[PDB]
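In what follows, a single structure is set out as structure tokens and then discussed.
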Number of protein chains: 2
Amino acid sequence: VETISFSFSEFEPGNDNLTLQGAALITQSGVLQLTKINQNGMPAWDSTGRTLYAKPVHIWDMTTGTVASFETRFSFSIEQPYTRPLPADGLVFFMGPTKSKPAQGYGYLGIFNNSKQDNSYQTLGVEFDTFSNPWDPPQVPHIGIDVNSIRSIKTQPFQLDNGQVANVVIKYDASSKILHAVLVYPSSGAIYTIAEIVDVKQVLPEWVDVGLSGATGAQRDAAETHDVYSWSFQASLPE
Amino acid sequence: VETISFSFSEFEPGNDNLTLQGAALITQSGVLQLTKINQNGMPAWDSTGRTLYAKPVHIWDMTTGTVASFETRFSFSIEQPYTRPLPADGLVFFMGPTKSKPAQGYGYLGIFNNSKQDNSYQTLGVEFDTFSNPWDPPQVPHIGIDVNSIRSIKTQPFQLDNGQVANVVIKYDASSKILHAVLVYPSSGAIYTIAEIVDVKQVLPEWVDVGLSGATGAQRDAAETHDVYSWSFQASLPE
Ligand SMILES: *[C@@H]1O[C@H](CO)[C@@H](O[C@@H]2O[C@H](CO)[C@@H](O[C@@H]3O[C@H](CO[C@H]4O[C@H](CO)[C@@H](O)[C@H](O)[C@@H]4O)[C@@H](O)[C@H](O[C@H]4O[C@H](CO)[C@@H](O)[C@H](O)[C@@H]4O)[C@@H]3O[C@@H]3OC[C@@H](O)[C@H](O)[C@H]3O)[C@H](O)[C@H]2NC(C)=O)[C@H](O[C@@H]2O[C@@H](C)[C@@H](O)[C@@H](O)[C@@H]2O)[C@H]1NC(C)=O
Ligand SMILES: *[C@@H]1O[C@H](CO)[C@@H](O[C@@H]2O[C@H](CO)[C@@H](O[C@@H]3O[C@H](CO[C@H]4O[C@H](CO)[C@@H](O)[C@H](O)[C@@H]4O)[C@@H](O)[C@H](O[C@H]4O[C@H](CO)[C@@H](O)[C@H](O)[C@@H]4O)[C@@H]3O[C@@H]3OC[C@@H](O)[C@H](O)[C@H]3O)[C@H](O)[C@H]2NC(C)=O)[C@H](O[C@@H]2O[C@@H](C)[C@@H](O)[C@@H](O)[C@@H]2O)[C@H]1NC(C)=O
Ligand SMILES: CC(=O)N[C@@H]1[C@@H](O)[C@@H](O)[C@@H](CO)O[C@@H]1O
Ligand SMILES: CC(=O)N[C@@H]1[C@@H](O)[C@@H](O)[C@@H](CO)O[C@@H]1O
Ligand SMILES: [Ca+2]
Ligand SMILES: [Ca+2]
Ligand SMILES: [Mn+2]
Ligand SMILES: [Mn+2]
């Protein structure tokens, strides 16, 4: 069995196990700030940042046809300081082709280039979307399961607890092909759940990079923070 | 669309919306004690209790072939006062034929009569099992999805936070046929998730009773409490 796992209870600056892209930065306090925070302490608009684990993960094998089961857990907080304009755009946990660079920001969250369902993306993502684009349901924020498109195959609205830490658990069981995600806010006790069938062999390449991406809006002050405090991941490929 | 819903933020003694069976009792403090608590305040062994909602729920229609999506949420606590003998047996949320009475207690949790996979049971259950029987995995406690049998089709071990309140969310999406459950302990922040494919049309009758059942052990002091503080449920059958 081929297993891979990592656990960051906090982030240390200078760590070579994470690939920081775009605006992503690790503070001295051990926080991963996906999107830019200005000197005045306010979140900057027109910002895109990603963080990828430094080693590729073997998700499935074409020869044997076996697929890996995996689980990831992370904690984040989103603070929206202004009433106007509407905050944007969100953050997303994703898996896609290795050696990838940031795609389009804003509503595309740094992982897509347009709003089409294109098999060439070879990307699976679980988004926490804060702005309603034309391809989105009217309710924001919402959790969404993205399969080769920013147009989610399933969404679940949730109430943002401004600035509070949210705990996320995402699990994929290869036998049943179920991707199940949970979001919990310890501050209010709120629990949100979402699940859908996803056959990763029809979406992802055999080896993928795993990461987090965040993005702020296309207009002045259409922004919010996208801070991550911890991140763990484990995958097991039966051989 | 045929919808049904109920929400008990607390339980009131004398309420005619709940059918209490066996040892089940609602205290003056508003707590639903599924299994017996002696005058000395200790849980009694050889006790079985259930609570069913007073109205049957339309889960699916044979004529149109449509099936309902549903969600239930409840909070409970299990206190295990002794080191020896091992505590038992657990509690379970279930759906089965209408007008049913308690079945065998102990490891059968008040909803099964033996350890066979029998289609005649017509029962679906999500258990929180505290004792390892011969049909159980060695790890206890564990969450389990029971389909016409006490021998779960899927299990997920969890660590009991003795006497602390646990929050449970169980959701069934008819379109994908996914039954997903989550258990969260606010006291420790622990989150457990479990999911599996279950086609209710192959298990349950068109109309079912929904309830909670709990049971203590077959030997002296092999017991624990099974207290429920709140319970909500909603089901929607598309027509
Ligand atoms: C977080 O980042 C950490 C820093 O990079 C990761 O730890 C490194 O993990 C490396 C594995 O990829 C590991 O590399 C090996 O280092 C050996 C020498 O260092 C050890 O022994 C020294 C004494 O001899 C001692 O002084 C050191 O303190 C270490 O104990 C070296 O012998 C190995 O070489 C063999 O294997 C390579 C292939 O991997 C062959 O090419 C080579 O011929 C030989 O057979 C190996 O060296 C690395 O080889 C590849 C090359 O590109 C690298 O430059 C070279 O370093 C390295 O020792 C540790 N560093 C430390 C300080 O521990 C950490 O990885 C996790 O933890 C390690 C221990 C391992 O279990 C990994 O699988 C884990 O992922 C990162 N953590 C995470 C979660 O990603
Ligand atoms: C928790 O338990 C509560 C107590 O039982 C539930 O509330 C009852 O819900 C009954 C519905 O099943 C409801 O029954 C009706 O009562 C009507 C008379 O009472 C009202 O009007 C009076 C003035 O006329 C007023 O004084 C009262 O305070 C009430 O406002 C009565 O007219 C209805 O009869 C019609 O419908 C029946 C069929 O249901 C026909 O048979 C009949 O010919 C007529 O057409 C009806 O009466 C009931 O009929 C069936 C019979 O077996 C019953 O004995 C008889 O009572 C009842 O009014 C309320 N009680 C109260 C105090 O509100 C509660 O139900 C939920 O809330 C209600 C309001 C409703 O929305 C339900 O759908 C909800 O489930 C239970 N809650 C839950 C979550 O289960
Ligand atoms: C398609 C696109 O990028 N849309 C963006 C949206 O994502 C958000 O950033 C918004 C902020 O006002 O600006 C545009 O509408
Ligand atoms: C099959 C059966 O009822 N087994 C029971 C088990 O469920 C538990 O109650 C135990 C307590 O010591 O006693 C027996 O082993
Ligand atoms: Ca959006
Ligand atoms: Ca058992
Ligand atoms: Mn969206
Ligand atoms: Mn069991």
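By order of appearance in the structure tokens: chains A, B, ..., then residues from 1 within every chain, and ligands from 1 in the order shown.
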With only C-alpha atoms considered, list every residue of chain B at most 10 Å from chain A, as a PyMOL selection string.
chain B and resi 73+167-173+175-197
Those residues you just picked out, can you put them in a file as a PDB file, in the first residue's frame with C-alpha atoms?
ATOM      1  CA  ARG B  73     -30.336  16.140  14.294  1.00  0.00           C
ATOM      2  CA  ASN B 167     -24.211  16.537  18.429  1.00  0.00           C
ATOM      3  CA  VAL B 168     -25.357  14.299  15.581  1.00  0.00           C
ATOM      4  CA  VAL B 169     -26.472  15.168  12.055  1.00  0.00           C
ATOM      5  CA  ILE B 170     -27.792  12.469   9.716  1.00  0.00           C
ATOM      6  CA  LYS B 171     -28.760  13.389   6.168  1.00  0.00           C
ATOM      7  CA  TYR B 172     -30.140  11.331   3.291  1.00  0.00           C
ATOM      8  CA  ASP B 173     -30.075  12.703  -0.247  1.00  0.00           C
ATOM      9  CA  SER B 175     -30.982  11.790  -5.708  1.00  0.00           C
ATOM     10  CA  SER B 176     -27.548  10.339  -4.917  1.00  0.00           C
ATOM     11  CA  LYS B 177     -28.823   7.727  -2.421  1.00  0.00           C
ATOM     12  CA  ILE B 178     -26.133   8.814   0.045  1.00  0.00           C
ATOM     13  CA  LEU B 179     -26.725   8.522   3.787  1.00  0.00           C
ATOM     14  CA  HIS B 180     -24.179  10.762   5.519  1.00  0.00           C
ATOM     15  CA  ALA B 181     -23.752  11.124   9.267  1.00  0.00           C
ATOM     16  CA  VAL B 182     -21.599  13.369  11.435  1.00  0.00           C
ATOM     17  CA  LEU B 183     -20.840  13.265  15.155  1.00  0.00           C
ATOM     18  CA  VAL B 184     -19.271  16.276  16.863  1.00  0.00           C
ATOM     19  CA  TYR B 185     -18.170  16.730  20.483  1.00  0.00           C
ATOM     20  CA  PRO B 186     -18.123  20.494  21.270  1.00  0.00           C
ATOM     21  CA  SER B 187     -16.162  19.739  24.460  1.00  0.00           C
ATOM     22  CA  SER B 188     -13.101  18.471  22.577  1.00  0.00           C
ATOM     23  CA  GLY B 189     -13.813  19.694  19.051  1.00  0.00           C
ATOM     24  CA  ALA B 190     -13.664  16.118  17.724  1.00  0.00           C
ATOM     25  CA  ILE B 191     -15.443  15.498  14.401  1.00  0.00           C
ATOM     26  CA  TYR B 192     -16.346  12.082  12.970  1.00  0.00           C
ATOM     27  CA  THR B 193     -17.908  11.444   9.574  1.00  0.00           C
ATOM     28  CA  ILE B 194     -19.358   8.348   7.904  1.00  0.00           C
ATOM     29  CA  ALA B 195     -21.214   7.830   4.633  1.00  0.00           C
ATOM     30  CA  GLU B 196     -22.547   5.016   2.472  1.00  0.00           C
ATOM     31  CA  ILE B 197     -24.911   4.376  -0.425  1.00  0.00           C
TER      32      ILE B 197
END
If we count only C-alpha atoms, what is near region 49-62 of chain B at a cut-off of 7 Å, once residues fewer than 5 positions away on the same chain are taken out, given as an NGL selection string?
:B and (17-24 or 34-35 or 67-68 or 98 or 201 or 206-215 or 237)
So that I have them on file, write out the residues from the current selection with N, CA, C and O atoms, as a compact mmCIF listing (two decimals), in the first residue's frame.
# COMPACT_ATOMS: atom_id res chain seq x y z
N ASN B 17 -46.83 13.79 21.35
CA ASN B 17 -46.23 13.69 20.03
C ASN B 17 -45.13 12.64 19.99
O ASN B 17 -44.55 12.37 18.94
N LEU B 18 -44.85 12.05 21.15
CA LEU B 18 -43.85 11.00 21.26
C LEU B 18 -44.44 9.77 21.92
O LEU B 18 -45.21 9.87 22.88
N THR B 19 -44.09 8.60 21.38
CA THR B 19 -44.55 7.33 21.91
C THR B 19 -43.38 6.73 22.68
O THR B 19 -42.35 6.38 22.09
N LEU B 20 -43.51 6.65 24.00
CA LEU B 20 -42.45 6.08 24.84
C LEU B 20 -42.68 4.59 25.01
O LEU B 20 -43.80 4.16 25.30
N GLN B 21 -41.63 3.80 24.81
CA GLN B 21 -41.73 2.35 24.94
C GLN B 21 -40.65 1.82 25.87
O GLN B 21 -39.58 2.41 25.99
N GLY B 22 -40.95 0.71 26.53
CA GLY B 22 -39.99 0.12 27.45
C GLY B 22 -39.66 1.03 28.61
O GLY B 22 -40.55 1.63 29.22
N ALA B 23 -38.37 1.18 28.89
CA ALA B 23 -37.90 2.01 30.00
C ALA B 23 -37.83 3.51 29.74
O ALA B 23 -37.64 4.28 30.69
N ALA B 24 -37.99 3.94 28.49
CA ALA B 24 -37.91 5.36 28.14
C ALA B 24 -38.77 6.27 29.00
O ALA B 24 -39.95 6.01 29.22
N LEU B 34 -33.45 7.29 27.71
CA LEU B 34 -33.84 6.07 26.99
C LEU B 34 -33.77 4.83 27.86
O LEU B 34 -34.64 3.96 27.77
N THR B 35 -32.72 4.71 28.66
CA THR B 35 -32.57 3.56 29.54
C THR B 35 -32.66 3.98 31.00
O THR B 35 -32.34 5.11 31.37
N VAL B 67 -38.70 9.05 -3.96
CA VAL B 67 -38.24 8.80 -2.60
C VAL B 67 -37.88 10.11 -1.91
O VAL B 67 -37.40 11.06 -2.53
N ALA B 68 -38.18 10.18 -0.61
CA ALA B 68 -37.93 11.36 0.18
C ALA B 68 -36.49 11.54 0.65
O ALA B 68 -35.76 10.57 0.85
N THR B 98 -44.31 0.69 10.57
CA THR B 98 -45.16 1.41 11.52
C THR B 98 -45.76 0.47 12.57
O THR B 98 -45.86 -0.74 12.35
N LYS B 201 -35.60 2.34 -1.05
CA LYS B 201 -36.70 1.61 -1.68
C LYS B 201 -36.50 0.10 -1.62
O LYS B 201 -37.45 -0.67 -1.76
N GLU B 206 -43.17 1.88 2.36
CA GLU B 206 -43.53 3.25 1.97
C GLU B 206 -43.74 4.21 3.13
O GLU B 206 -43.39 5.39 3.04
N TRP B 207 -44.32 3.71 4.21
CA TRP B 207 -44.57 4.50 5.41
C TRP B 207 -43.77 3.90 6.55
O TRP B 207 -43.78 2.68 6.73
N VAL B 208 -43.09 4.74 7.32
CA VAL B 208 -42.29 4.24 8.43
C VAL B 208 -42.45 5.07 9.70
O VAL B 208 -42.97 6.18 9.67
N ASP B 209 -42.05 4.48 10.82
CA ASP B 209 -42.04 5.18 12.09
C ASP B 209 -40.57 5.53 12.27
O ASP B 209 -39.70 4.77 11.83
N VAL B 210 -40.29 6.69 12.85
CA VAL B 210 -38.91 7.11 13.08
C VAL B 210 -38.71 7.19 14.59
O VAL B 210 -39.59 7.63 15.32
N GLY B 211 -37.55 6.73 15.06
CA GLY B 211 -37.32 6.76 16.49
C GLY B 211 -35.89 6.59 16.95
O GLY B 211 -34.96 6.54 16.15
N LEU B 212 -35.75 6.56 18.27
CA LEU B 212 -34.46 6.39 18.94
C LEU B 212 -34.67 5.23 19.90
O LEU B 212 -35.74 5.09 20.50
N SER B 213 -33.65 4.40 20.03
CA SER B 213 -33.72 3.25 20.92
C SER B 213 -32.38 3.13 21.62
O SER B 213 -31.34 3.48 21.05
N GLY B 214 -32.41 2.67 22.86
CA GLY B 214 -31.18 2.50 23.63
C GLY B 214 -31.27 1.23 24.45
O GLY B 214 -32.37 0.78 24.78
N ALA B 215 -30.13 0.66 24.82
CA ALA B 215 -30.13 -0.56 25.61
C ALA B 215 -28.88 -0.72 26.44
O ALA B 215 -27.80 -0.31 26.02
N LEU B 237 -40.98 14.57 0.42
CA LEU B 237 -41.22 13.60 -0.65
C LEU B 237 -41.73 14.34 -1.88
O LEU B 237 -42.82 14.90 -1.87
If you take only C-alpha atoms and all ligand atoms and a cut-off of 10 Å, which residues of chain B touch ligand 8, and what are their nearest atom pairs and distances in Å to one decimal, in chain and number order, as CSV?
residue,atom,partner,partner_atom_place_in_ligand_line,distance
B:89,CA,ligand 8,1 (Mn),9.3
B:90,CA,ligand 8,1 (Mn),8.8
B:107,CA,ligand 8,1 (Mn),8.0
B:108,CA,ligand 8,1 (Mn),9.0
B:109,CA,ligand 8,1 (Mn),9.6
B:126,CA,ligand 8,1 (Mn),9.6
B:127,CA,ligand 8,1 (Mn),6.9
B:128,CA,ligand 8,1 (Mn),7.5
B:129,CA,ligand 8,1 (Mn),5.1
B:130,CA,ligand 8,1 (Mn),7.8
B:131,CA,ligand 8,1 (Mn),7.6
B:132,CA,ligand 8,1 (Mn),6.8
B:133,CA,ligand 8,1 (Mn),7.3
B:134,CA,ligand 8,1 (Mn),9.4
B:135,CA,ligand 8,1 (Mn),7.3
B:136,CA,ligand 8,1 (Mn),4.9
B:137,CA,ligand 8,1 (Mn),7.1
B:138,CA,ligand 8,1 (Mn),9.4
B:139,CA,ligand 8,1 (Mn),9.2
B:140,CA,ligand 8,1 (Mn),8.1
B:141,CA,ligand 8,1 (Mn),8.2
B:142,CA,ligand 8,1 (Mn),6.7
B:143,CA,ligand 8,1 (Mn),7.3
B:144,CA,ligand 8,1 (Mn),5.9
B:145,CA,ligand 8,1 (Mn),8.5
B:146,CA,ligand 8,1 (Mn),8.4
B:149,CA,ligand 8,1 (Mn),10.0
B:150,CA,ligand 8,1 (Mn),6.6
B:151,CA,ligand 8,1 (Mn),6.5
B:152,CA,ligand 8,1 (Mn),6.2
B:153,CA,ligand 8,1 (Mn),9.7
B:154,CA,ligand 8,1 (Mn),9.2
B:155,CA,ligand 8,1 (Mn),7.3
B:156,CA,ligand 8,1 (Mn),9.5
B:157,CA,ligand 8,1 (Mn),9.8
For the residues selected in the previous step, produce a file with N, CA and C atoms as a tab-separated table (two decimals), in the first residue's frame.
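So the final result, stored in part.tsv, reads:
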chain	number	residue	atom	x	y	z
B	89	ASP	N	-25.13	-1.02	26.04
B	89	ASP	CA	-24.79	-1.55	24.72
B	89	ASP	C	-24.76	-0.46	23.64
B	90	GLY	N	-25.51	0.61	23.85
B	90	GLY	CA	-25.54	1.70	22.89
B	90	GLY	C	-26.92	2.25	22.58
B	107	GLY	N	-27.14	-6.23	22.79
B	107	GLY	CA	-26.45	-5.91	21.55
B	107	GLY	C	-27.34	-5.68	20.34
B	108	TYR	N	-28.61	-6.08	20.43
B	108	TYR	CA	-29.55	-5.90	19.32
B	108	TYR	C	-30.17	-4.51	19.35
B	109	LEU	N	-29.87	-3.77	20.41
B	109	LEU	CA	-30.31	-2.39	20.59
B	109	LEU	C	-31.81	-2.09	20.56
B	126	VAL	N	-28.82	4.04	12.33
B	126	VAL	CA	-27.48	4.61	12.50
B	126	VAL	C	-27.22	4.43	13.98
B	127	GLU	N	-26.33	3.49	14.30
B	127	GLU	CA	-26.01	3.17	15.68
B	127	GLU	C	-24.76	3.82	16.23
B	128	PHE	N	-24.74	3.92	17.56
B	128	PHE	CA	-23.62	4.46	18.32
B	128	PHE	C	-23.46	3.35	19.34
B	129	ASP	N	-22.66	2.38	18.92
B	129	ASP	CA	-22.39	1.14	19.63
B	129	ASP	C	-21.22	1.19	20.60
B	130	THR	N	-21.48	0.82	21.84
B	130	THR	CA	-20.48	0.86	22.90
B	130	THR	C	-19.89	-0.48	23.36
B	131	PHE	N	-20.42	-1.59	22.84
B	131	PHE	CA	-19.93	-2.90	23.24
B	131	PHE	C	-19.63	-3.76	22.01
B	132	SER	N	-18.47	-4.40	21.99
B	132	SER	CA	-18.10	-5.23	20.84
B	132	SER	C	-18.63	-6.66	20.91
B	133	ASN	N	-19.68	-6.93	20.15
B	133	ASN	CA	-20.29	-8.26	20.07
B	133	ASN	C	-19.51	-9.07	19.02
B	134	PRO	N	-19.82	-10.37	18.86
B	134	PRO	CA	-19.08	-11.16	17.86
B	134	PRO	C	-19.20	-10.68	16.41
B	135	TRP	N	-20.27	-9.94	16.11
B	135	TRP	CA	-20.51	-9.42	14.77
B	135	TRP	C	-19.93	-8.02	14.57
B	136	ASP	N	-19.37	-7.46	15.63
B	136	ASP	CA	-18.79	-6.12	15.62
B	136	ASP	C	-17.30	-6.05	15.38
B	137	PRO	N	-16.82	-4.89	14.92
B	137	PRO	CA	-15.38	-4.74	14.70
B	137	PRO	C	-14.86	-4.62	16.14
B	138	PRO	N	-13.57	-4.88	16.36
B	138	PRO	CA	-13.05	-4.79	17.73
B	138	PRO	C	-13.08	-3.40	18.39
B	139	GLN	N	-13.11	-2.35	17.59
B	139	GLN	CA	-13.11	-0.99	18.14
B	139	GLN	C	-14.47	-0.48	18.57
B	140	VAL	N	-14.55	-0.04	19.82
B	140	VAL	CA	-15.76	0.55	20.39
B	140	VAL	C	-15.34	1.76	21.22
B	141	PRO	N	-16.17	2.82	21.23
B	141	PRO	CA	-17.44	2.84	20.50
B	141	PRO	C	-17.26	3.10	19.01
B	142	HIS	N	-18.32	2.85	18.24
B	142	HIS	CA	-18.27	3.11	16.82
B	142	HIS	C	-19.64	3.47	16.29
B	143	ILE	N	-19.63	4.26	15.22
B	143	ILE	CA	-20.86	4.65	14.55
B	143	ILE	C	-21.03	3.55	13.51
B	144	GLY	N	-22.26	3.15	13.25
B	144	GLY	CA	-22.47	2.12	12.25
B	144	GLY	C	-23.75	2.33	11.48
B	145	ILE	N	-23.74	1.98	10.20
B	145	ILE	CA	-24.93	2.09	9.36
B	145	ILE	C	-25.47	0.67	9.22
B	146	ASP	N	-26.67	0.46	9.77
B	146	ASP	CA	-27.33	-0.84	9.78
B	146	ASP	C	-28.45	-0.94	8.76
B	149	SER	N	-29.96	-5.39	9.37
B	149	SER	CA	-29.10	-6.23	10.20
B	149	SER	C	-28.28	-5.43	11.20
B	150	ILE	N	-27.96	-6.06	12.32
B	150	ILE	CA	-27.15	-5.45	13.36
B	150	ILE	C	-25.69	-5.47	12.89
B	151	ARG	N	-25.41	-6.27	11.86
B	151	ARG	CA	-24.06	-6.34	11.29
B	151	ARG	C	-23.97	-5.19	10.30
B	152	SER	N	-23.39	-4.08	10.75
B	152	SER	CA	-23.27	-2.86	9.93
B	152	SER	C	-22.58	-3.02	8.59
B	153	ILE	N	-23.06	-2.29	7.59
B	153	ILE	CA	-22.44	-2.33	6.27
B	153	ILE	C	-21.23	-1.39	6.25
B	154	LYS	N	-21.14	-0.52	7.26
B	154	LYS	CA	-20.05	0.44	7.38
B	154	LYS	C	-19.95	0.91	8.83
B	155	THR	N	-18.73	1.01	9.34
B	155	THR	CA	-18.52	1.46	10.71
B	155	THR	C	-17.40	2.50	10.78
B	156	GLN	N	-17.46	3.34	11.81
B	156	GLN	CA	-16.45	4.37	12.03
B	156	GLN	C	-16.19	4.50	13.52
B	157	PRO	N	-15.00	4.11	13.98
B	157	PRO	CA	-14.66	4.20	15.40
B	157	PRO	C	-14.61	5.65	15.87
Give me every helix (DSSP H, G or I) residue in region 48-205 of chain A, going by DSSP on the backbone, as a VMD selection string.
chain A and resid 106 to 108 119 to 121 200 to 202
List the neighbours of residue 227 (chain B) out to 7 Å using only C-alpha atoms; skip same-chain residues closer than 5 positions along the sequence, and give me the result as a PyMOL selection string.
chain B and resi 31-34+76-78
Could the residues in this selection be saved with N, CA and C atoms as a PDB file, in the first residue's frame?
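Contents of the output file selection_8.pdb:
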ATOM      1  N   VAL B  31     -35.185  16.073  29.954  1.00  0.00           N
ATOM      2  CA  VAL B  31     -34.268  15.116  29.339  1.00  0.00           C
ATOM      3  C   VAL B  31     -34.953  13.787  29.039  1.00  0.00           C
ATOM      4  N   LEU B  32     -34.645  13.221  27.875  1.00  0.00           N
ATOM      5  CA  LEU B  32     -35.204  11.938  27.472  1.00  0.00           C
ATOM      6  C   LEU B  32     -34.198  10.861  27.879  1.00  0.00           C
ATOM      7  N   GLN B  33     -34.527  10.107  28.924  1.00  0.00           N
ATOM      8  CA  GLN B  33     -33.663   9.029  29.389  1.00  0.00           C
ATOM      9  C   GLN B  33     -34.157   7.742  28.739  1.00  0.00           C
ATOM     10  N   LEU B  34     -33.450   7.288  27.705  1.00  0.00           N
ATOM     11  CA  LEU B  34     -33.840   6.074  26.988  1.00  0.00           C
ATOM     12  C   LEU B  34     -33.772   4.826  27.857  1.00  0.00           C
ATOM     13  N   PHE B  76     -26.970  13.918  22.445  1.00  0.00           N
ATOM     14  CA  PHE B  76     -27.051  12.900  23.480  1.00  0.00           C
ATOM     15  C   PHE B  76     -25.767  12.848  24.291  1.00  0.00           C
ATOM     16  N   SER B  77     -25.818  12.129  25.406  1.00  0.00           N
ATOM     17  CA  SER B  77     -24.644  11.938  26.237  1.00  0.00           C
ATOM     18  C   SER B  77     -24.691  10.526  26.792  1.00  0.00           C
ATOM     19  N   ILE B  78     -23.520   9.912  26.879  1.00  0.00           N
ATOM     20  CA  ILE B  78     -23.390   8.574  27.429  1.00  0.00           C
ATOM     21  C   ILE B  78     -22.353   8.682  28.535  1.00  0.00           C
TER      22      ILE B  78
END
Find the residues around residue 220 (chain B) up to 8 Å (only C-alpha atoms counted), leave out those fewer than 2 positions away in its own chain, and share them as a PyMOL selection string.
chain B and resi 45-46+217-218+222-223
Given a cut-off of 7 Å, what residues near ligand 2 show up using only C-alpha atoms and all ligand atoms, put as a PyMOL selection string?
chain B and resi 5-7+15-17
Could those selected residues go to a file with N, CA and C atoms, as an mmCIF file, in the first residue's frame?
data_model
loop_
_atom_site.group_PDB
_atom_site.id
_atom_site.type_symbol
_atom_site.label_atom_id
_atom_site.label_comp_id
_atom_site.auth_asym_id
_atom_site.auth_seq_id
_atom_site.Cartn_x
_atom_site.Cartn_y
_atom_site.Cartn_z
ATOM 1 N N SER B 5 -42.175 17.591 9.548
ATOM 2 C CA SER B 5 -41.066 18.045 10.370
ATOM 3 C C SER B 5 -41.468 18.264 11.813
ATOM 4 N N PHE B 6 -40.488 18.110 12.696
ATOM 5 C CA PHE B 6 -40.696 18.322 14.114
ATOM 6 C C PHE B 6 -39.377 18.752 14.729
ATOM 7 N N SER B 7 -39.462 19.477 15.835
ATOM 8 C CA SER B 7 -38.269 19.958 16.505
ATOM 9 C C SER B 7 -38.515 20.082 17.996
ATOM 10 N N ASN B 15 -46.184 15.029 26.892
ATOM 11 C CA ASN B 15 -46.293 15.357 25.455
ATOM 12 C C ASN B 15 -46.840 14.190 24.612
ATOM 13 N N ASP B 16 -47.916 14.402 23.840
ATOM 14 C CA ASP B 16 -48.486 13.303 23.066
ATOM 15 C C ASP B 16 -47.964 13.154 21.636
ATOM 16 N N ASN B 17 -46.834 13.787 21.351
ATOM 17 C CA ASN B 17 -46.226 13.689 20.030
ATOM 18 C C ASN B 17 -45.130 12.636 19.989
#
At what distance in Å, to one decimal, does CA of residue 25 (chain A) lie from CA of residue 228 (chain A)?
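Going from CA of residue 228 (chain A) over to CA of residue 25 (chain A) covers 10.5 Å.
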Region 2-239 of chain B: which residues are strand (DSSP E) by DSSP, as a ChimeraX atom specification?
/B:2-8,18-22,25-26,32-33,48-53,57-58,69-77,89-97,124-129,142-147,154-157,166-173,178-185,190-197,207-216,227-237
For residue 8 (chain A), the nearest of the candidates A:229, A:234, A:158, A:216, counting only C-alpha atoms
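Nearest candidate to residue 8 (chain A) out of A:229, A:234, A:158, A:216: A:229.
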For a test of reading the model, state the distance in Å between atom 3 (C, counted along the ligand's line) of ligand 1 and CA of residue 13 (chain A), rounded to one decimal.
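For atom 3 (C, counted along the ligand's line) of ligand 1 relative to CA of residue 13 (chain A), the distance reads 13.1 Å.
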Could you jot down the CA of residue 36 (chain A) to CA of residue 75 (chain A) separation for me, Å, one decimal place?
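A separation of 18.3 Å between them.
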